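Below: one structure, written as structure tokens.
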Amino acid sequence: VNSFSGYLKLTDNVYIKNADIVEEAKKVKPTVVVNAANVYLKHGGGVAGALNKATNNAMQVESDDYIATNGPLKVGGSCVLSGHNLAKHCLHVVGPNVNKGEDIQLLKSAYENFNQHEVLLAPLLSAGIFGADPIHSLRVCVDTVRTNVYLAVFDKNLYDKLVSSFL
Ligand SMILES: Cc1c[nH]c2ncnc(NCC3(O)CCC3)c12
Ligand SMILES: [Cl-]
């Protein structure tokens with residue numbers, strides 16, 4: 001039993017809700033919140049910009065030190081950093097950004113990072129400003145993640161479309 005409330009159950013391990021991941025994280029304080037990161041951990045917009053703003057830029061400060069030490073992430077890769085005031089940990093996961101020409105096949109590799117954590121709060125990878133089809137992102141999530149994932153979809157119309165179209 002966990003404290004995630006109001007979710008619709010999609011499969012044995014995948015759950016979904018129309019919610020702002022920022023407001024959800026503040027309420028639940030999950031062990032792991034997933035960020036929709038880029039390889040430079042430049043949290044300018046989309047989910048990343050919103051999560052960073054909620055940390056008063058502390059996420060960005062920590063991220064800049066991480067990059068200065070380790071260099072950029074790989075597309076499809078991840079790193080674990082602090083969750084600041086939002087969660088214990090933030091799993092920064094880089095899905096492919098279609099508006100950069102990146103290979104959508106890397107979306108499965110991106111979701112595989114979730115399997116290293118028993119329970120996560122997360123957005124759909126590569127959706128929104130990363131330019132992929134969110135229906136596809138949900139399909140890859142369900143077919144790749146085996147741990148317990150609570151998906152927050154910010155747009156109500158897209159959520160209803162994701163629910164109504166779910167196979
Ligand atoms: C932009 C933003 C702020 N807070 C959020 N919480 C959850 N999801 C988000 N955007 C990603 C999508 O849900 C839309 C396509 C996939 C956001
Ligand atoms: Cl977005």
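Taken together, the values in this text are just the output of simple stated rules run on the coordinates, not laboratory data. Counting neighbours? That spans all protein chains shown, and the Cβs are built from the backbone with ideal geometry, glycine included.
A few remarks follow.
- Axial C-alpha extent at least 24 Å, average Kyte-Doolittle at least 0.5 - helices from the chain (DSSP): none
- Cβ-defined net charge surrounding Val149, 15 Å radius [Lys, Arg +1; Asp, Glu -1]: 0
- Cβ charges +1 (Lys, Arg) and -1 (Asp, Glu), total dipole of the chain, debye: 220 debye
- Counting only DSSP beta bridges with both residues in the chain, the antiparallel share comes to about 30 percent.
- Placing a pseudo-label 7 Å from each Cα along the Cα-to-Cβ vector at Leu167 and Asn70 gives an inter-label distance of 3.6 nm.
- The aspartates and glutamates whose alpha-carbon is closer than 14 Å to the alpha-carbon of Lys17, local same-chain residues fewer than 8 away aside, are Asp155, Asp160.
- Straight-line cross-link partners of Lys108 among the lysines, defined as a Cα under 19 Å from its Cα and at least 8 positions apart when in the same chain: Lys74, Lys100.
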